[PDB]
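Asks: Residue numbers (the UniProt record's numbering), protein chains in the order written: chain A, 15 to 395; chain B, 15 to 395.
A virtual CB, placed ideally from N, CA and C, is assigned to each residue, including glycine.
Number of protein chains: 2
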Amino acid sequence: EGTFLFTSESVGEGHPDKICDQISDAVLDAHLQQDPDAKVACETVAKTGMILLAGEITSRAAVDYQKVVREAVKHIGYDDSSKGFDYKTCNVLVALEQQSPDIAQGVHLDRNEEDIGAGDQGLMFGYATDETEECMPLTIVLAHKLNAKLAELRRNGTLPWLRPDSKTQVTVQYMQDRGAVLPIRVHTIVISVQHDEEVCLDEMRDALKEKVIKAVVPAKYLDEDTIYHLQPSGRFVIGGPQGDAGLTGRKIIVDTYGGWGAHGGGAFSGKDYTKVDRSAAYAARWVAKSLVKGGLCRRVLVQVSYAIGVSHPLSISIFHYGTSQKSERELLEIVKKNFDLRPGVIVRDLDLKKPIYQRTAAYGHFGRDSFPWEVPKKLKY
Amino acid sequence: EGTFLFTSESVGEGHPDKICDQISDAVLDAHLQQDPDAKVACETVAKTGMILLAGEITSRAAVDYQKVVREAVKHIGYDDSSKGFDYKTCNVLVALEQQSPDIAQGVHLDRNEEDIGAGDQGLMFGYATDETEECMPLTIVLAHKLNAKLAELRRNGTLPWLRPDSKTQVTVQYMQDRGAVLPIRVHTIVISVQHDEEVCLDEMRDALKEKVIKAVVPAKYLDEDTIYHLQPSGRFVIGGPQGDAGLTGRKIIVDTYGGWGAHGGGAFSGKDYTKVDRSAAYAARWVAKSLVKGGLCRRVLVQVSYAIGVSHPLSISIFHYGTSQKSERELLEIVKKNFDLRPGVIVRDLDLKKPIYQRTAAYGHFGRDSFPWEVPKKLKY
Ligand SMILES: O=c1cc(Nc2cc[nH]n2)[nH]c2c(-c3ccccc3)c(-c3ccccc3)nn12
Ligand SMILES: O=c1cc(Nc2cc[nH]n2)[nH]c2c(-c3ccccc3)c(-c3ccccc3)nn12
Ligand SMILES: C[S@@+](CC[C@H](N)C(=O)[O-])C[C@H]1O[C@@H](n2cnc3c(N)ncnc32)[C@H](O)[C@@H]1O
Ligand SMILES: C[S@@+](CC[C@H](N)C(=O)[O-])C[C@H]1O[C@@H](n2cnc3c(N)ncnc32)[C@H](O)[C@@H]1O
Ligand SMILES: [Cl-]
Ligand SMILES: [Cl-]
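#1: Please state whether DSSP places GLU238(A) in a helix, a strand or coil.
#2: Would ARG292(B) count as contacting chain E if we go by Cβ distances under 8 Å?
#3: Does ligand 8 have a heavy atom nearer than 7 Å to the CB of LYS181(A)?
#4: Taking the DSSP output, what are the residues bridged to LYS181(A)?
#5: When the distance is taken between beta carbons, is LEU328(B) closer than 8 Å to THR153(A)?
#6: Going by C-alpha to C-alpha distance, which of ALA55(B), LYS102(B), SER95(B) and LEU107(B) sits closest to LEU66(A)?
#7: Where does the unbroken alpha helix (DSSP H) through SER304(B) begin, and where does it stop?
#8: Check this for me: beta carbons of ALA157(A) and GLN119(A), under 8 Å apart or not?
#9: Does the distance from the C-beta atom of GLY278(A) to that of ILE241(B) stay below 8 Å?
#10: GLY69(A) and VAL290(A): beta carbons closer than 8 Å?
#11: Below 8 Å on the Cβ atoms is my contact criterion, and I expect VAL324(B) with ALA132(B) to pass it. Report the Cβ-Cβ distance as a whole number of Å.
#12: Give the range of the beta strand (DSSP E) segment to which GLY140(A) is assigned.
#13: Where does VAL87(B) sit, in a helix, a strand or coil, going by DSSP?
#14: How many whole angstroms separate the CB atoms of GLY26(B) and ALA165(B), which I take to be in contact at a CB cut-off of 8 Å?
#15: Closer than 7 Å: is that where the CB of residue 12(A) sits relative to any heavy atom of ligand 5?
#16: Around ligand 2, what residues have a beta-carbon under 5 Å from a heavy atom of it, in chain order?
#17: In chain order, what residues of the same chain lie with their CB nearer than 6 Å to the CB of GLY272(B), ignoring the 5 residues before and after it?
#18: Check each candidate in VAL54(B), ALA294(B), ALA75(B) and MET189(B) and name the one with the smallest Cα separation from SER38(B).
#19: Does the stretch 90-100 of chain A come close enough to the stretch 120-128 of chain A that 3 or more CB-CB pairs lie under 8 Å?
#20: Identify whether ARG199(B) lies in helix, strand or coil by the three-state DSSP scheme.
#21: Does any residue of chain A bring its CB to less than 8 Å from the CB of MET64(B)?
#22: State the start and end residues of the unbroken alpha helix (DSSP H) segment that holds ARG382(B).
#23: For the stretch 200-215 of chain B, which residues have a CB atom closer than 8 Å to at least one CB atom of chain A, in sequence order?
#24: Can you confirm whether the stretch 41-51 of chain B touches the stretch 377-389 of chain A when touching is taken to mean that 3 or more C-beta pairs between the two stretches lie within less than 8 Å?
#25: Following the continuous alpha helix (DSSP H) through residue 416(B), name the residue where it begins and the one where it ends.
#26: Kindly indicate if chain B contains any beta-carbon less than 8 Å away from that of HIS277(A).
#27: In chain A, which residues lie less than 8 Å from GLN112(B) when you measure between Cβ atoms?
#28: Would you kindly report the start and end of the unbroken beta strand (DSSP E) that includes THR58(A)?
#29: May I ask you to report which of helix, strand or coil DSSP gives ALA132(A)?
#30: Among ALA60(B), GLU85(B) and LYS61(B), which residue has its Cα nearest to the Cα of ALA44(B)?
#31: Against chain A, with Cβ distances strictly below 8 Å, would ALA162(B) count as a contact?
#32: Using only the alpha-carbon positions, how far apart do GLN208(B) and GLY253(B) sit?
#33: Is there contact here, the stretch 296-316 of chain A with the stretch 348-358 of chain A, by at least three beta-carbon pairs under 8 Å?
#34: Quick one, are the C-beta atoms of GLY381(A) and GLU217(A) less than 8 Å apart?
#35: Which residues, in order along the stretch 364-383 of chain A, keep a beta-carbon less than 7 Å from a beta-carbon of chain B?
#36: Does residue 1(A) get closer than 8 Å to chain B when you measure Cβ to Cβ?
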């Protein structure tokens, strides 16, 4: 009684949608290295033999798109036709134009940086939960770590039949606790990973349990009843873009909270700070995490929204699930007094002209690596 | 006290991401008209002068992609270079391959239809709320209707300066009510719509208030304090794919609940029923709506999840926000007794081989038109 199941998923660095996110952010970073004020809206599409860049960039940088794209694919591990994709020999097509002058004039032309308008309308959420030290849902943390473990064992050569494309999924049984949530046990794990033509199914399934799951998931969460779906399709030799087209911004729940909290729909990768889809979502995470680490809440969801061309958010809302002694109205006043959510101020607080974005584009944007939005602000109230 | 703001957005038929969703589903429908068992995973990308189809289709149909794509763009209204895009003269590129044989063998080859495996892993949610008769959040309903009104007034010639690309956003002040939510008033409305070079800003803003907002939003929700951001960028002559690249599956929150409920990350358009991202999300909506219309709950969220190749969901979970006298455990038993969420049964219950998908691809997939997933099931318990 009072228990429920909840499932989240993650994907690996060579999952075709994630390839696109990483390439889009490699392009962003390449621009920002030369022009910190570059306006970038770079979408990537991947299919057999093809990376296409489409979108809008206005920048003083001189960027070699062939080199940037191919080096990103190399880093991911697609380096031979036997793996289904090769950075050395794939097609890289570019359909990039300047940013629309109508957008530019309405957003940032002749505006003081702090008073730049939002680059679009939209809604964004931030979420934090005390169930893990990194203030993230356990389901998504574990799912990400299973993909990272696969990449580790591929790159270190101990499971050399692995290829870069993978997906994982973790179902946890939770107990509710005064609006907070408490993980009890892992109910089901799925792992699917691209593999070579020689390794057999039983070798893979044994390795995925013993060398992947047991190396990631604490034994206290695994029991005789846990269900394992390891290579459930039976065969995954064809993978990467050859198996499934990829696009930027098609893993937005993997990028965020694994189904927990809420999402406003905007993708992160390929976008400079003036695109509030990214900057305001990062700021909202920073607010949520600051509220939890500051001891005001155990679990919290923050919504913000914007209109194109308008600097201040149109709305700010907080929901604490019953996990604060303060009302949400009081928390909102605390947030108002401690944070300025104009994009031209967020950029300063979170250092969003720095070319660190490719690092955000796999394994989730939140809960990792002490990025600026992961360092709580000390709140005055 | 106890009130909060919440914002949702919608986009019009000519918004570039929505163009792609509609084209992807026009392709799906064209296949299904000839081959009800077509396996379709069609992504669309749009930029200046270009529609690209990328993905995987295995089908007995003979489909003229040039005709299907161009007729969809014609229907949307992009028929002249003066509007930034023209179905008669744009480039249509095709990068479509067969479905991966490794996927096919693990999902559906040599399987009884009722026992076909899920076409992928993933998680999906369904949501319903008694705050409107269509069991949808008021924020998203109003946002969709504002876009539909723009298209109506464009197509009937009374605002002939309108073009097909639009976005809207509605912020509502709500009161919480025993786990349910009650709309009080509209706090802020945003409308941005592409327009011709001749019309002036004041004419547009006056028309958007008097002919669009007042024709859609009941006066009881609008007051002296409501904030209007109408053409907030100041100029939106460049639009459609020329202003911003579009991709399929980049409006997944517009397609669903406007930020309410939850989302598992999967896109709907371009996918046949074996892709649980669509079929299981439709079934989960059907469950949620059945629970609310059956008087068991006022508001409910349902999660399901799958593993590729496995027919039955790996998890099913229900959360009623405190709006039922029954426990969630009891509701779960009711759902288990009344629904079979295998994809090969959902297809029968919801008639998912029928070529009605292009109709779902603008103005949201839920809350409209008495699609099968919108007709509640009578529950036995
Ligand atoms: O706070 C609570 C307390 C609670 N108690 C019980 C008890 C039996 N079932 N549920 N269930 C939940 C859920 C949830 C559970 C299952 C399915 C869907 C949602 C969520 C939630 C998660 C993600 C996004 C939004 C909301 N929060 N949440
Ligand atoms: O049931 C309640 C009761 C409630 N009461 C108050 C009172 C003051 N603030 N909130 N707020 C909420 C929210 C919510 C409100 C603002 C920001 C973010 C979420 C949601 C919700 C919406 C979408 C997705 C998931 C959850 N549900 N919900
Ligand atoms: C199953 S494919 C999506 C459906 C696909 N577009 C089709 O044509 O049926 C989605 C993701 O699952 C993974 N995948 C690809 N082939 C797979 C296989 N044979 N077995 C398991 N997972 C696979 C890859 O990560 C891929 O990006
Ligand atoms: C603002 S554009 C996104 C940012 C863009 N990719 C860039 O290069 O800055 C996103 C959407 O807003 C709308 N849009 C395009 N131009 C606009 C304008 N001048 N004013 C307001 N909205 C516009 C269109 O619906 C478009 O798909
Ligand atoms: Cl996927
Ligand atoms: Cl957009």
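Replies: In short:
#1: In the first sequence, residue 238(A) corresponds to position 224, counting from 1. Coil.
#2: Among the protein chains of the structure shown, namely A and B, there is no chain E.
#3: This structure lacks ligand 8; the ligands present are ligand 1, ligand 2, ligand 3, ligand 4, ligand 5 and ligand 6.
#4: Position 167 of the first sequence, counting from 1, holds the residue named residue 181(A). Per DSSP, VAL25(A) and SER206(A).
#5: Taking the first sequence and counting its residues from 1, the one referred to as residue 153(A) is at position 139. Taking the second sequence and counting its residues from 1, the one referred to as residue 328(B) is at position 314. Going by C-beta atoms, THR153(A) is not nearer than 8 Å to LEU328(B).
#6: Position 52 of the first sequence, counting from 1, holds the residue named residue 66(A). Checking every option, the nearest Cα to that of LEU66(A) belongs to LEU107(B).
#7: In the second sequence, counting from the first residue as 1, residue 304(B) sits at position 290. Taken as a continuous stretch (DSSP letters only), the alpha helix (DSSP H) holding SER304(B) covers 290-307.
#8: Position 143 of the first sequence, counting from 1, holds the residue named residue 157(A). Position 105 of the first sequence, counting from 1, holds the residue named residue 119(A). No, Cβ-Cβ distance for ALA157(A) and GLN119(A) is not below 8 Å.
#9: By 1-based counting over the first sequence, the position of residue 278(A) is 264. By 1-based counting over the second sequence, the position of residue 241(B) is 227. Cβ atoms of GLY278(A) and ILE241(B): not closer than 8 Å.
#10: In the first sequence, counting from the first residue as 1, residue 69(A) sits at position 55. In the first sequence, counting from the first residue as 1, residue 290(A) sits at position 276. It is not a contact, given that the beta carbons lie outside the stated cut-off.
#11: Taking the first residue of the second sequence as position 1, residue 324(B) is located at position 310. Taking the first residue of the second sequence as position 1, residue 132(B) is located at position 118. With 8 Å as the limit, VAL324(B) and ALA132(B) qualify as a contact, their Cβ atoms being about 6 Å apart.
#12: For the purposes of this step, residue 140(A) is taken as residue 126 along the first sequence, with counting starting at 1. It spans 136-143 - the beta strand (DSSP E) in which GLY140(A) sits, taken as one unbroken run.
#13: Along the second sequence, one-based indexing puts residue 87(B) at 73. Three-state result, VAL87(B): helix.
#14: On the second sequence, position 12 is the one that residue 26(B) refers to. On the second sequence, position 151 is the one that residue 165(B) refers to. Yes, they are in contact, since the Cβ atoms of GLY26(B) and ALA165(B) sit about 6 Å apart, within 8 Å.
#15: Because residue 12(A) is not part of the residues shown, which for chain A are 15 to 395, the question remains open.
#16: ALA276(A), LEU315(A), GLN317(A), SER331(A), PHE333(A), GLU342(A), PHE18(B), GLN190(B) and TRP274(B)
#17: Indexing the second sequence from 1 puts residue 272(B) at position 258. The residues are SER22, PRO151, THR153 and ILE154.
#18: As a working mapping, residue 38(B) is identified with position 24 in the second sequence. Residue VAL54(B) is the option with its Cα nearest to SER38(B).
#19: no
#20: Mapped onto the second sequence, residue 199(B) falls at position 185. If DSSP states are grouped into helix, strand and coil, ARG199(B) belongs with the strands.
#21: Taking the second sequence and counting its residues from 1, one reaches residue 64(B) at position 50. Cβ-Cβ to chain A under 8 Å: yes for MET64(B).
#22: Numbered from 1 along the second sequence, position 368 holds the residue referred to as residue 382(B). Where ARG382(B) is concerned, there is no enclosing alpha helix (DSSP H), given that its DSSP letter is neither H nor E.
#23: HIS201, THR202, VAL204 and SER206
#24: no
#25: This structure leaves residue 416(B) out entirely; chain B is present only between 15 and 395.
#26: On the first sequence, position 263 is the one that residue 277(A) refers to. By this cut-off, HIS277(A) is an interface position.
#27: Against the second sequence, residue 112(B) aligns to sequence position 98. The premise fails here: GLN112(B) is roughly 11 Å from chain A at the closest Cβ pair, so nothing lies under 8 Å.
#28: Along the first sequence, one-based indexing puts residue 58(A) at 44. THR58(A) -> beta strand (DSSP E) spans 53-61.
#29: Looking up residue 132(A) in the first sequence gives position 118. Of the three classes helix, strand and coil, the one that applies to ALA132(A) here is strand, per DSSP.
#30: Here residue 44(B) is taken as the residue at index 30 of the second sequence, counted from 1. The shortest Cα separation from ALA44(B) among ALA60(B), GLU85(B) and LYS61(B) belongs to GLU85(B).
#31: Sequence index remark: in the second sequence, residue 162(B) carries index 148 (1-based). Judged by the 8 Å Cβ criterion, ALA162(B) is not in contact with chain A.
#32: Start at 1 with the first residue of the second sequence, and residue 208(B) comes out as number 194. Start at 1 with the first residue of the second sequence, and residue 253(B) comes out as number 239. Cα to Cα, the separation comes out at about 6 Å.
#33: yes
#34: On the first sequence, position 367 is the one that residue 381(A) refers to. On the first sequence, position 203 is the one that residue 217(A) refers to. Cβ distance not < 8 Å, so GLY381(A) and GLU217(A) don't count as in contact.
#35: none
#36: What the structure shows of chain A is the stretch from 15 to 395, and residue 1(A) is not part of that stretch, so it cannot be assessed.
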